[PDB]
Amino acid sequence: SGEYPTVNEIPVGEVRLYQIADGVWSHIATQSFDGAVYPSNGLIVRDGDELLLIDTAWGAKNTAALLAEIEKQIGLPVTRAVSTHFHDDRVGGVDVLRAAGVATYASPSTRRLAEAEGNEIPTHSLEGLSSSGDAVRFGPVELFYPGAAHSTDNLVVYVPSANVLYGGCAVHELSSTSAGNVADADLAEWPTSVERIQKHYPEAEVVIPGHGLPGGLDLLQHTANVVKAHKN
Ligand SMILES: C[C@@H](c1cccc2c(-c3ccc(CS(C)(=O)=O)c(F)c3)c(C(=O)O)[nH]c12)n1cc(CNC(=O)[C@@H](N)CO)nn1
Ligand SMILES: [Zn+2]
Ligand SMILES: [Zn+2]
């Protein structure tokens, strides 16, 4: 009833939306992985009379539920989606999107990693993002490759109209006491990648992590802190 959604409000298979700013929502869903339940976030950005989706809802049935929730709450068609790295919380559901007519995109690095891991593969390759510090425009957002962090391919997304920074899984929530699932991470490079984000988007007003509660710019420094404590 207005607070940011959590698993206790989200059974696995359900999706809730949260208004972040004018024309910007996050989506929240829950999924089980290795016998534990996790929330995860994505983004929705209004693109005139269409919508741009950032990340799936972590699974085929969750992503179908996401589309139904968007139709209920917003009522504009999702025409394009970008996945911000290769893990199932970002690409699991791309097949559902593609069968619902959504054009799916990711960097070539994400597409190769997804293919090698056996995860769903976005259709279209996003060039111009292969070097750290690169940025490209994609509808109403900017896509930015900060360097390796949570994964080698992770992208962040900025909504300039609203100064919303969607950090994806390279950014953790303030309450986090650990650095999440780091199996594919570069813990040594991650702080440098976070510093690049901080330098590029100093006017960000909302910062959204890949999992957990949005906050402000403090999430970036907190992420560097929890990652450093993990490495050590
Ligand atoms: C699907 C993804 C995955 C699944 C389950 C959990 C997560 C987490 C995670 C975990 C804990 C917290 C709370 S916290 C910050 O307080 O710690 C959190 F916020 C996010 C993240 C992430 O951090 O983004 N992502 C996860 N995922 C990752 C991998 C890597 N590979 C493996 O795990 C191998 N065993 C192969 O299976 N594969 N899928
Ligand atoms: Zn991940
Ligand atoms: Zn994640």
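Each residue takes its place number in the sequence, starting with 1.
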Any side-chain heavy-atom pair of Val37 and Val12 under 4.5 Å: yes

Exercise: identify the closest heavy-atom pair between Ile197 and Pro146: CG1-CB, 3.6 Å

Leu129 vs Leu155, side chain to side chain contact (heavy atoms under 4.5 Å, CB included): CA-CA, chis, key distance, verdict: CA-CA 9 Å; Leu129 290 166; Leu155 300 179; 4.1 Å; yes

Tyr166 side chain to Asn41 backbone, donor-acceptor under 3.5 Å: yes

Closest approach of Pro122 to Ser83 (non-hydrogen atoms, all atoms of both residues): CG-OG, 4.0 Å

Distance (rounded to the nearest 0.5 Å) between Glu50 CD and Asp47 CG: 6.0 Å

Exceeds 12 heavy-atom contacts within 6.0 angstrom, atom NZ of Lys228: yes

Proximity of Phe144 and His200 rings by center, below 6.0 Å: yes

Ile54 side chain reached by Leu52 side chain, heavy atoms, under 4.5 Å: yes

Backbone of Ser107 reached by a side-chain donor or acceptor of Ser125 within 3.5 Å: no

Test item: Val207 and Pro214 side chains (from C-beta on) under 4.5 Å apart, heavy atoms: no

Test log, rule side chain to side chain contact (heavy atoms under 4.5 Å, CB included), inputs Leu43 and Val24: CA-CA 7 Å; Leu43 205 73; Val24 185; 3.9 Å; yes

ILVMFWY clustering at 4.5 Å (side-chain atoms), partners of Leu66: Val15, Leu17, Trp25, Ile44, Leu51, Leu53, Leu67, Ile70, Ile74, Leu76, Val78, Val96, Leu97, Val102

Contact check, side chains of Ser40 and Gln31, non-hydrogen atoms, under 4.5 Å: no

Donor-acceptor pair, side chain of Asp88 and main chain of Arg90, under 3.5 angstrom: no

Pairwise distance CD(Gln198) to CD(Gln221) - rounded to 0.5 angstrom: 5.5 Å

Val94 reachable from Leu113 in the ILVMFWY side-chain graph, under 4.5 Å edges: no

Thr63 side chain vs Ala57 backbone, donor-acceptor pair below 3.5 Å: yes

For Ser193 against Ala148, the heavy-atom pair lying closest together: OG-O, 2.7 Å

Single-linkage hydrophobic cluster, 4.5 Å side-chain cutoff, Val45 and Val82 together: yes

Flag, side chain of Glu120 to backbone of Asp95, donor-acceptor distance under 3.5 Å: yes

Intermediate values then yes/no, side chain to side chain contact (heavy atoms under 4.5 Å, CB included), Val136 and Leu126: CA-CA 9 Å; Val136 305; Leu126 295 167; 5.8 Å; no

Side-chain H-bond candidate by donor/acceptor type, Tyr38 with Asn181, under 3.5 Å: no

Validation row: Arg16, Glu69 side chains within 4.5 angstrom (heavy atoms): yes

Shared hydrophobic cluster, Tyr18 / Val159 (ILVMFWY, side-chain heavy atoms < 4.5 Å): yes

Ring centre gap for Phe138 and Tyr105 strictly below 6.0 Å: yes

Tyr4 side chain to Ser26 side chain, donor-acceptor N/O pair below 3.5 angstrom: yes

Side chain to side chain, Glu142 and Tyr201, heavy atoms closer than 4.5 Å: yes

Cluster overlap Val91 with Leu143, hydrophobic side-chain contacts below 4.5 Å: no

No-hydrogen, no-angle side-chain donor-acceptor test under 3.5 Å, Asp184 and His87: yes

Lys231 side, atom NZ; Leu187 side, atom CG - distance, nearest 0.5 Å: 8.0 Å

Any side-chain donor near an acceptor of the partner, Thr110 and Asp153, under 3.5 Å: yes

Polar side-chain atom of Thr56 near backbone of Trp58 as donor-acceptor pair, under 3.5 Å: yes

Nearest atoms (heavy-atom pairs only) where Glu127 meets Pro108: OE2-CG, 3.7 Å

Donor-acceptor pair, side chain of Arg137 and main chain of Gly139, under 3.5 angstrom: yes

Short side-chain to backbone donor-acceptor contact, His222 and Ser176, under 3.5 Å: yes

Flag, side chain of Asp186 to backbone of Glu189, donor-acceptor distance under 3.5 Å: yes

Flag, side chain of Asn154 to backbone of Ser151, donor-acceptor distance under 3.5 Å: yes

Closest heavy-atom pair and its distance - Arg196, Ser132: CZ-OG, 3.3 Å

Cluster check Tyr145, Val171: I/L/V/M/F/W/Y, side chain < 4.5 angstrom: no

Separation between NE2 of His27 and CG of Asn62, rounded to the nearest 0.5 Å: 10.0 Å

Side-chain touch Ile208/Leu213, heavy atoms, less than 4.5 angstrom: no

Centroid-centroid under 6.0 Å between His85 and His150 rings: yes

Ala149 to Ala170 - nearest heavy-atom pair and separation: CB-CB, 4.1 Å

Full working for side chain to side chain contact (heavy atoms under 4.5 Å, CB included) between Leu165 and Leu220: CA-CA 10 Å; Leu165 178 59; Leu220 303 180; 4.1 Å; yes

Heavy-atom side-chain contact between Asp55 and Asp89 under 4.5 Å: no

